[PDB]
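Notes follow once the structure below has been shown.
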Amino acid sequence: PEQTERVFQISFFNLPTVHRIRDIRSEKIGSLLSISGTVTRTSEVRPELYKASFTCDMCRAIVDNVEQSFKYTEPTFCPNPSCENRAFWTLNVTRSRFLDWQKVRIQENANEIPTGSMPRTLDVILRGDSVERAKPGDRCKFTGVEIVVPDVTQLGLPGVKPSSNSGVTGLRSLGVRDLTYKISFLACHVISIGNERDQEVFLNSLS
Amino acid sequence: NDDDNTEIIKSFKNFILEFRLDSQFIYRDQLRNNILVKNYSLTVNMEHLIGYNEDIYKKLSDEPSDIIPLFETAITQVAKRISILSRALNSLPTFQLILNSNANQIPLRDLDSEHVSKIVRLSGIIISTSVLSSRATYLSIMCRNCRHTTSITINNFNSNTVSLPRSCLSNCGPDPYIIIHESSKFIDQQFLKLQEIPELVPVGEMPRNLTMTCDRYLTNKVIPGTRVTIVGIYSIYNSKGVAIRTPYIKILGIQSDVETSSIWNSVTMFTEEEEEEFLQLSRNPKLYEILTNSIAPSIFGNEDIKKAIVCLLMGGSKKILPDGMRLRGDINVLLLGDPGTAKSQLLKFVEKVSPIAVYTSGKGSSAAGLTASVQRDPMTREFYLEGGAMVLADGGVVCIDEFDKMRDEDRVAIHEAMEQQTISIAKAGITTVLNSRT
Amino acid sequence: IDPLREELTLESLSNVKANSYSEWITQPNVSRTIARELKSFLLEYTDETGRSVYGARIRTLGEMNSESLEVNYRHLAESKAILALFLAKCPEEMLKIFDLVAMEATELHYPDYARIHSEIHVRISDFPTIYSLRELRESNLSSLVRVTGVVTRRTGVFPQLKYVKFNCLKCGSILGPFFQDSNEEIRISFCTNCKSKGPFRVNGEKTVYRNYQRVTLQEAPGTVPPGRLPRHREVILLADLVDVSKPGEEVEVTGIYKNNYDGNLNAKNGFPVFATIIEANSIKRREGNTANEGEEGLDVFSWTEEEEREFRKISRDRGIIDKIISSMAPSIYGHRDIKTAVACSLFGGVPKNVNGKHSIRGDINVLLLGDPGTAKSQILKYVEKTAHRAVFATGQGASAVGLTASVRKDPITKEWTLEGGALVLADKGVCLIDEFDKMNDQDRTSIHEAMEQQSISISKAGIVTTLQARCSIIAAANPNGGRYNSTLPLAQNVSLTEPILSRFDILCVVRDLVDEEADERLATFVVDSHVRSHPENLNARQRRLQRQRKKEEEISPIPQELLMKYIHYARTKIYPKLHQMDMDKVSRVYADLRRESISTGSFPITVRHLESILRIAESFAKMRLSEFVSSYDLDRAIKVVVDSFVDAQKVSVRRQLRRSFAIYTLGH
DNA sequence: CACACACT
DNA sequence: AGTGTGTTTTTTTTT
Ligand SMILES: Nc1ncnc2c1ncn2[C@@H]1O[C@H](COP(=O)(O)OP(=O)(O)OP(O)(O)=S)[C@@H](O)[C@H]1O
Ligand SMILES: Nc1ncnc2c1ncn2[C@@H]1O[C@H](COP(=O)(O)OP(=O)(O)O)[C@@H](O)[C@H]1O
Ligand SMILES: [Mg+2]
Ligand SMILES: [Mg+2]
Ligand SMILES: [Zn+2]
Ligand SMILES: [Zn+2]
Ligand SMILES: [Zn+2]
């Protein structure tokens, strides 16, 4: 198991400008932004599958590292070009890759808002190290990539009902029902923006 | 095996026709009885079945679910053979089987994931009874475009239900056979809920309840709040959580754990004899003092008090005048005195003597709607009328505790109800009036 | 060596020599070698004993006729540990292998014990690491680990399809039975007869059914950092394992970290989140005391037949009653009469029933009046943990609905549901009552009602249920102003109702008297309590142990655990009977009781007081532990009750009454 | 029951 | 072209 590559996460500390709850416009997509959010509710740890395997028993062939954007997505066909099947795919839970995630939402503070704006809550993506790094109920200084998050149930994946806006022509990735979005941020690094009563511990720890 | 199944049916009819004791074939006896009074139902004891033939009983125990319909068919054929002249569907309704086990009763608590679809013997107290629900014994259908009309005779012995017919079956569609609900013959079913053995008192465990079903000659036999020793097959169906389905019971026999007889329809189970000695006790004036002394054991006296109690329990006669008026029969006795004087004890004893009403307490009884509370039904936002104590006490001599401790204001609402001998409610836009003979 | 079903050396078995660990374990050759080693150490490996403790559990569970097969996870790492690591990494397959080896051991120790349980479970007790819900990482997935949670749901136990046979409507009448994970639908969606997709239905052929009980878990708030919401992971109980607990009782268990899919979770989250479960291979409660081995496993306390022989031996020893009086709450110096009362309440009277319906309570309602700071709450705390089944009533905190009987509207089920009445919790055990003289009066009347019948009857919100309440209760009260005035009548010293003191069989009053040398002893005694309480002082702990041993010698000669087991033995087997009695002694007693209530300092004496005396006699006889009541023990019961009555009187009449009863007092 | 979608 | 699937605050009642 050690041979299997351990995924890379690169957290950015000491970033020049902190945009805080302000800024965060649409023109920037996939952009590195530093936000001084006041995250007091956070979320629960979530497995957040990264990659996985598929059985596709009737071809007997096996995928490797299936990636899905936001909704559980299956291979386009059976891994074997023979018995290529757009009808059936079954998970093989073999290439299972997971990143402990916590949908932390940040409510804006009281200061730095001119006119009593409500504590606007923006969910922020969190990583397993970041989840443990982040202490909930505490306002945090954090930065990371600002990605466009689509609205839920929009994909025509099986099980989840597709969300039946304006769209382009010439696309064929999703020809019908269009799609709608609700952007959320991803923070690569997070820091908080805002005992030991034993004789041996006292002697060793104290200067 | 269908021929083998018919052979098993023949074996069962050989059982019933040639099982006798002292030359007496009890089965044909109850058969002719159920012919004279047309109850298409038959009672059998499995001990008798084992005595006649173990093998048939074992086949029963293997999978009763489908053995029972064969037995019902056998009984129906037997009734046709006996009660109908030779060479003379729905012409004769099918008889249904009644069984008494006398085996051990597994508690409702600690029932296993095993015993699925297995005949079991239990006991519990009813907490709720469902209204009647018809069941398609016979089904009348027509093939829509094909116009083909056919008969279906579905039994309630599977699982859930049989799906509607598919294809033409001699395209007419995935369900051409549209049910015409006129020739189709139905039998009512009733759902039951048993509390687990109030005597078992599983310490710290909320009493689990299971659902049941009853057939036309089983439904409405007993009321809620009454304990019954049941003999019915353990039953499972899907409510709509993986591979878990609703546990319930399909009953093959009903016996009263409380053992109390049903609503007395004046049929004298005491018969002429017991009532004859009852009148003899009435004939002998000394027996009045006998009843007086017998009431309230260990009380040490208070005999005139006991006489008053006996008279009250005895029931004052309600005379209905030719006028719109009507003489008020029942009376309510008032108990005032020093505490620790067995007064509440005597009340409890008297209520135990006469269960036509229910012992309660003021604080224990809901202040609102003591006579009859109004509650919002879970599936109807309208606040329905729930029967309060004096609804239950109606038709019964009732004892209640802590009158003084009770809030006075609603006790005012009690005197009017007892005075009128009814309970008139116009609250919440609902003008129902219920009798209070207590 | 074989490609499948092989036997190899332990070392070649240990190293996967393959890219994937789980794939290497997947080889049935490796599995069979592990099976050989498993059977080998199961009986052959007799750790620390001449006999294999696992073999001892075998045919003992056979005698128990159960399916668990507890392992303790020890003697596994101790037995070459490769199997231990293999289990810790990829359990499920070698759990199945353990079930097989259980089969062979089964038919070995007990032939024909097969077909009793078609399977024999694995029960992995204990674990190297306790872990936390905050500790659950993607590494922890699909690995059995001990956890630290609080049971919350305990859903209705449901039989679940151990095997499932899926068949299509058109082609397959019956298809082969395949195992069901009970976590999600198998949904094969393929017919052996029809290659094309078709409508599928379950097969009517019967397959095995196993119990199913879902429970929500919760991290311990004390262990949880402040201000942090504990995580909640779902756990499902299975057959031979369901109904092991009570909701909120809280447990630590080792189980595989199941992971499942559900599209609704992704929808509400907008992300490829995957639903995670655990189902403990073995269950053990976490009561939270962690004092001893009782914490491990389920519940606490014990019962020993050697202990009951000791109880018999002390029972025939005389002076046992006085030792018990000294035994109850030794940490409260003095209060000899109070100790007597509370101890006999712990023993409790003999329940009596007449004609089936007429009944007499076997429980004792102690009324205590105590000055503030008189250990009343601490007396109650010593009382509890001594009578096993116990409850505490804060008095002011509880109410009429809360303590006696409560109904709770349940939005999740959509109907009114019963809420646990704390007095129902009192039922079957001792009932502690505190701060009662200050709490609500309507609640007091509710308690009166409940105690009168030893049962609580509630008819509201469509719930007409009635619950038995068999509980020996002990009310704690403070005098008017905290100080009882002996010259003042008791009723004037009491801010509560007359009827409640009437229904109370035992009255207790605490007063402050001169007791100088006694106050010396009491202050010294509290100093000693502090000193033994202080960790800072063979060693210091040894001298603390020896001083508590000697104090146990003077007071509480029986050990407190031995004491509570003595009480358990008394309730379980001892049932003293009034076969012999003194009718006219009690007659003259109640006669003297009369024409005394005429005194302004005297409360009325009624029949229930006499029944109280009778049940005090029963409690004394149970305290004597003889199966037959003793006349003179009953005499001491009379003495205690009459002394309580005399104390209840005004001091002015109290002296005249004590002279009058002196004709009774000397007989004791 | 029975008619717009999404491929069948 | 197969065949599947979806639409009908108030007011007592506690307390
Ligand atoms: N005359 C009597 N004969 C026999 N037992 C009696 C007598 N008077 C009182 N008792 C006993 O004293 C107990 C006290 O009565 P309870 O059943 O508690 O109810 P109660 O007499 O109504 O008391 P209150 O007023 O409710 S506190 C009775 O249960 C009897 O066991
Ligand atoms: N005789 C005694 N021996 C030892 N401690 C005692 C004694 N009497 C009172 N105490 C102490 O008094 C304290 C107060 O007890 P508590 O019941 O809480 O008081 P209150 O009387 O205010 O209800 C306890 O900590 C207990 O140890
Ligand atoms: Mg009373
Ligand atoms: Mg206290
Ligand atoms: Zn394929
Ligand atoms: Zn047709
Ligand atoms: Zn098929």
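By order in the structure tokens, chains are A, B, ...; within a chain, residues start at 1; ligands start at 1, following the order shown.
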
Environment of ligand 5 within 9 Å, counting only C-alpha atoms (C1' of nucleotides) and all ligand atoms, reported as a list in words: residues 56, 57, 58, 59, 60, 61, 77, 78, 79, 80, 81, 82, 83, 84, 85, 86, 88 and 89 of chain A

Dump as a PDB file, in the first residue's frame, selection limited to N, CA and C atoms:
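Contents of part-v7.pdb, as written:
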```pdb
ATOM      1  N   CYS A  56     -18.333  -3.481 -13.632  1.00  0.00           N
ATOM      2  CA  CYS A  56     -18.836  -3.761 -14.974  1.00  0.00           C
ATOM      3  C   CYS A  56     -18.673  -5.243 -15.288  1.00  0.00           C
ATOM      4  N   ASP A  57     -19.358  -6.065 -14.492  1.00  0.00           N
ATOM      5  CA  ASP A  57     -19.093  -7.499 -14.478  1.00  0.00           C
ATOM      6  C   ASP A  57     -19.250  -8.113 -15.863  1.00  0.00           C
ATOM      7  N   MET A  58     -20.238  -7.643 -16.625  1.00  0.00           N
ATOM      8  CA  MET A  58     -20.522  -8.252 -17.917  1.00  0.00           C
ATOM      9  C   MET A  58     -19.452  -7.957 -18.962  1.00  0.00           C
ATOM     10  N   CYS A  59     -18.535  -7.025 -18.699  1.00  0.00           N
ATOM     11  CA  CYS A  59     -17.308  -6.983 -19.486  1.00  0.00           C
ATOM     12  C   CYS A  59     -16.130  -7.572 -18.730  1.00  0.00           C
ATOM     13  N   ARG A  60     -16.243  -7.677 -17.402  1.00  0.00           N
ATOM     14  CA  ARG A  60     -15.213  -8.216 -16.519  1.00  0.00           C
ATOM     15  C   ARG A  60     -14.008  -7.291 -16.408  1.00  0.00           C
ATOM     16  N   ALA A  61     -14.018  -6.179 -17.137  1.00  0.00           N
ATOM     17  CA  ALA A  61     -12.903  -5.250 -17.088  1.00  0.00           C
ATOM     18  C   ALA A  61     -13.109  -4.225 -15.976  1.00  0.00           C
ATOM     19  N   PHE A  77     -18.328   3.954 -20.521  1.00  0.00           N
ATOM     20  CA  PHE A  77     -18.695   2.623 -20.984  1.00  0.00           C
ATOM     21  C   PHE A  77     -17.900   1.620 -20.161  1.00  0.00           C
ATOM     22  N   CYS A  78     -18.095   0.342 -20.458  1.00  0.00           N
ATOM     23  CA  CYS A  78     -17.315  -0.687 -19.791  1.00  0.00           C
ATOM     24  C   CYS A  78     -15.831  -0.499 -20.097  1.00  0.00           C
ATOM     25  N   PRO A  79     -14.942  -0.759 -19.134  1.00  0.00           N
ATOM     26  CA  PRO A  79     -13.507  -0.534 -19.383  1.00  0.00           C
ATOM     27  C   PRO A  79     -12.996  -1.288 -20.594  1.00  0.00           C
ATOM     28  N   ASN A  80     -13.488  -2.497 -20.803  1.00  0.00           N
ATOM     29  CA  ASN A  80     -13.170  -3.232 -22.012  1.00  0.00           C
ATOM     30  C   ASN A  80     -13.853  -2.559 -23.196  1.00  0.00           C
ATOM     31  N   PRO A  81     -13.116  -2.207 -24.251  1.00  0.00           N
ATOM     32  CA  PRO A  81     -13.786  -1.747 -25.478  1.00  0.00           C
ATOM     33  C   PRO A  81     -14.774  -2.766 -26.008  1.00  0.00           C
ATOM     34  N   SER A  82     -14.449  -4.052 -25.902  1.00  0.00           N
ATOM     35  CA  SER A  82     -15.446  -5.090 -26.108  1.00  0.00           C
ATOM     36  C   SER A  82     -16.432  -5.078 -24.948  1.00  0.00           C
ATOM     37  N   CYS A  83     -17.698  -5.361 -25.250  1.00  0.00           N
ATOM     38  CA  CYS A  83     -18.780  -5.228 -24.275  1.00  0.00           C
ATOM     39  C   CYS A  83     -18.825  -3.818 -23.696  1.00  0.00           C
ATOM     40  N   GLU A  84     -18.554  -2.812 -24.525  1.00  0.00           N
ATOM     41  CA  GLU A  84     -18.721  -1.435 -24.085  1.00  0.00           C
ATOM     42  C   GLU A  84     -20.202  -1.206 -23.818  1.00  0.00           C
ATOM     43  N   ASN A  85     -20.534  -0.740 -22.621  1.00  0.00           N
ATOM     44  CA  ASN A  85     -21.923  -0.688 -22.177  1.00  0.00           C
ATOM     45  C   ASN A  85     -22.196   0.673 -21.554  1.00  0.00           C
ATOM     46  N   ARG A  86     -23.040   1.458 -22.223  1.00  0.00           N
ATOM     47  CA  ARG A  86     -23.466   2.730 -21.661  1.00  0.00           C
ATOM     48  C   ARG A  86     -24.665   2.555 -20.739  1.00  0.00           C
ATOM     49  N   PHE A  88     -24.982  -0.027 -18.118  1.00  0.00           N
ATOM     50  CA  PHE A  88     -24.704  -0.553 -16.788  1.00  0.00           C
ATOM     51  C   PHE A  88     -23.248  -0.345 -16.402  1.00  0.00           C
ATOM     52  N   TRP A  89     -23.039   0.147 -15.183  1.00  0.00           N
ATOM     53  CA  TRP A  89     -21.744   0.151 -14.513  1.00  0.00           C
ATOM     54  C   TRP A  89     -22.005  -0.018 -13.027  1.00  0.00           C
TER      55      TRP A  89
END
```

Proximal residues of chain C relative to chain E (only C-alpha atoms (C1' of nucleotides); 12 Å) as JSON, numbers by chain: {"C": [198, 400, 401, 407, 408, 409, 416, 460, 461, 462]}

Can you write out the residues you just picked, keeping C-alpha atoms, as a PDB file, in the first residue's frame?
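Saved to out_22.pdb:
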```pdb
ATOM      1  CA  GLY C 198     -36.118  -7.109 -17.171  1.00  0.00           C
ATOM      2  CA  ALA C 400     -45.900  16.128  38.426  1.00  0.00           C
ATOM      3  CA  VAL C 401     -45.465  15.061  34.801  1.00  0.00           C
ATOM      4  CA  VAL C 407     -45.981  11.721  27.575  1.00  0.00           C
ATOM      5  CA  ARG C 408     -43.954  13.352  24.800  1.00  0.00           C
ATOM      6  CA  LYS C 409     -45.263  14.353  21.396  1.00  0.00           C
ATOM      7  CA  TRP C 416     -47.707  11.227  21.204  1.00  0.00           C
ATOM      8  CA  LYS C 460     -54.080  12.010  28.590  1.00  0.00           C
ATOM      9  CA  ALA C 461     -53.109  12.727  24.974  1.00  0.00           C
ATOM     10  CA  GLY C 462     -54.648   9.381  24.052  1.00  0.00           C
TER      11      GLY C 462
END
```

Residue list for chain B near chain C as a PyMOL selection string, 6 Å, only C-alpha atoms: chain B and resi 113-114+242-244+340+364-366

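Pairwise distance (CA of residue 175 in chain A, CA of residue 149 in chain A) equals 19.6 Å.
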
Exercise answer, 10 Å around ligand 2 with only C-alpha atoms (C1' of nucleotides) and all ligand atoms, as a VMD selection string: chain C and resid 329 to 336 369 to 381 434 to 435 476 to 478 482 510 518 to 519 521 to 527 529

Writing out the chosen residues with C-alpha atoms as a PDB file, in the first residue's frame:
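Once written, part-v3.pdb looks like this:
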```
ATOM      1  CA  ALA C 329     -23.425   5.744  55.601  1.00  0.00           C
ATOM      2  CA  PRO C 330     -20.364   5.324  57.858  1.00  0.00           C
ATOM      3  CA  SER C 331     -18.947   8.596  56.491  1.00  0.00           C
ATOM      4  CA  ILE C 332     -21.716  10.390  58.439  1.00  0.00           C
ATOM      5  CA  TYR C 333     -20.618  10.265  62.075  1.00  0.00           C
ATOM      6  CA  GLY C 334     -23.511   9.923  64.487  1.00  0.00           C
ATOM      7  CA  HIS C 335     -27.123   9.699  63.330  1.00  0.00           C
ATOM      8  CA  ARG C 336     -27.628   6.224  64.780  1.00  0.00           C
ATOM      9  CA  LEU C 369     -36.361  16.643  57.951  1.00  0.00           C
ATOM     10  CA  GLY C 370     -32.785  17.875  58.015  1.00  0.00           C
ATOM     11  CA  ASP C 371     -30.980  21.103  58.698  1.00  0.00           C
ATOM     12  CA  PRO C 372     -29.050  22.512  55.721  1.00  0.00           C
ATOM     13  CA  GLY C 373     -25.620  20.973  55.318  1.00  0.00           C
ATOM     14  CA  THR C 374     -26.565  17.811  57.210  1.00  0.00           C
ATOM     15  CA  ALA C 375     -25.288  15.394  54.516  1.00  0.00           C
ATOM     16  CA  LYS C 376     -28.858  14.631  53.399  1.00  0.00           C
ATOM     17  CA  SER C 377     -27.890  14.640  49.729  1.00  0.00           C
ATOM     18  CA  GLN C 378     -24.720  12.739  50.599  1.00  0.00           C
ATOM     19  CA  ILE C 379     -26.752  10.294  52.687  1.00  0.00           C
ATOM     20  CA  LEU C 380     -28.862   9.718  49.580  1.00  0.00           C
ATOM     21  CA  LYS C 381     -25.712   9.273  47.503  1.00  0.00           C
ATOM     22  CA  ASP C 434     -34.171  15.610  47.756  1.00  0.00           C
ATOM     23  CA  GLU C 435     -35.138  19.281  48.119  1.00  0.00           C
ATOM     24  CA  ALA C 476     -35.350  15.102  52.088  1.00  0.00           C
ATOM     25  CA  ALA C 477     -36.695  18.194  53.820  1.00  0.00           C
ATOM     26  CA  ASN C 478     -35.435  21.261  55.701  1.00  0.00           C
ATOM     27  CA  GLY C 482     -33.723  25.197  58.498  1.00  0.00           C
ATOM     28  CA  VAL C 510     -32.479  16.534  62.267  1.00  0.00           C
ATOM     29  CA  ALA C 518     -19.749  14.771  69.684  1.00  0.00           C
ATOM     30  CA  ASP C 519     -18.882  17.941  67.763  1.00  0.00           C
ATOM     31  CA  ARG C 521     -15.573  13.823  67.141  1.00  0.00           C
ATOM     32  CA  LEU C 522     -17.484  15.077  64.101  1.00  0.00           C
ATOM     33  CA  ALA C 523     -14.964  17.783  63.209  1.00  0.00           C
ATOM     34  CA  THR C 524     -12.119  15.307  63.670  1.00  0.00           C
ATOM     35  CA  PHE C 525     -14.062  12.820  61.542  1.00  0.00           C
ATOM     36  CA  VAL C 526     -14.451  15.331  58.712  1.00  0.00           C
ATOM     37  CA  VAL C 527     -10.736  16.101  58.964  1.00  0.00           C
ATOM     38  CA  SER C 529     -12.402  12.238  55.622  1.00  0.00           C
TER      39      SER C 529
END
```

For residue 143 in chain A: contacts at 10 Å, only C-alpha atoms (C1' of nucleotides), fewer than 3 positions along chain excluded, given as a PyMOL selection string: chain A and resi 11-15+17-20+32-37+140+146+185-191

Each residue of chain C with at least one atom at most 6 Å from chain A should appear once, together with its nearest atom pair and the corresponding distance in Å (one decimal); atoms considered: only C-alpha atoms; ordering: chain, then increasing residue number; output as a tab-separated table.
```
residue	atom	partner	partner_atom	distance
C:138	CA	A:98	CA	5.7
C:263	CA	A:160	CA	5.4
C:267	CA	A:153	CA	5.4
C:270	CA	A:152	CA	5.0
C:271	CA	A:70	CA	4.4
C:272	CA	A:72	CA	5.4
C:273	CA	A:48	CA	4.2
C:274	CA	A:47	CA	6.0
```

Go ahead and save the residues from that selection, with C-alpha atoms, as a tab-separated table (two decimals), in the first residue's frame.
```tsv
chain	number	residue	atom	x	y	z
C	138	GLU	CA	-10.20	7.71	5.10
C	263	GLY	CA	-27.63	9.83	-3.74
C	267	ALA	CA	-27.65	15.95	-3.46
C	270	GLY	CA	-23.53	18.76	-3.81
C	271	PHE	CA	-20.47	16.53	-3.52
C	272	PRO	CA	-19.48	12.85	-3.99
C	273	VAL	CA	-19.76	12.16	-0.27
C	274	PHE	CA	-20.15	8.49	0.68
```

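Summary of the local environment: counting only C-alpha atoms (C1' of nucleotides), residues at most 8 Å from range 58-63 of chain B, other than itself and those fewer than 4 positions away along its chain, are residues 54, 67, 68, 117, 118 and 119 of chain B.
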
Resulting file, chosen residues, N, CA, C and O atoms, as an mmCIF file, in the first residue's frame:
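Everything below was put into out_3.cif:
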```cif
data_model
loop_
_atom_site.group_PDB
_atom_site.id
_atom_site.type_symbol
_atom_site.label_atom_id
_atom_site.label_comp_id
_atom_site.auth_asym_id
_atom_site.auth_seq_id
_atom_site.Cartn_x
_atom_site.Cartn_y
_atom_site.Cartn_z
ATOM 1 N N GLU B 54 -49.595 -37.742 12.583
ATOM 2 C CA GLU B 54 -48.502 -36.803 12.785
ATOM 3 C C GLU B 54 -48.090 -36.152 11.475
ATOM 4 O O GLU B 54 -47.793 -34.954 11.440
ATOM 5 N N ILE B 67 -50.391 -24.305 3.350
ATOM 6 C CA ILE B 67 -51.163 -25.465 3.781
ATOM 7 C C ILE B 67 -52.584 -25.049 4.133
ATOM 8 O O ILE B 67 -53.553 -25.757 3.835
ATOM 9 N N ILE B 68 -52.727 -23.889 4.776
ATOM 10 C CA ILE B 68 -54.049 -23.449 5.226
ATOM 11 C C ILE B 68 -55.039 -23.290 4.078
ATOM 12 O O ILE B 68 -56.179 -23.763 4.211
ATOM 13 N N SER B 117 -42.603 -16.577 8.990
ATOM 14 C CA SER B 117 -43.619 -17.396 8.335
ATOM 15 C C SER B 117 -43.886 -18.692 9.090
ATOM 16 O O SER B 117 -44.263 -19.699 8.485
ATOM 17 N N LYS B 118 -43.698 -18.687 10.405
ATOM 18 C CA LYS B 118 -43.875 -19.871 11.230
ATOM 19 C C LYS B 118 -45.039 -19.657 12.182
ATOM 20 O O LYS B 118 -45.190 -18.571 12.752
ATOM 21 N N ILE B 119 -45.868 -20.690 12.339
ATOM 22 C CA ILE B 119 -46.967 -20.610 13.288
ATOM 23 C C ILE B 119 -46.416 -20.453 14.695
ATOM 24 O O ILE B 119 -45.475 -21.144 15.103
#
```

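Put simply, CA of residue 217 in chain B is 9.2 Å away from CA of residue 188 in chain B.
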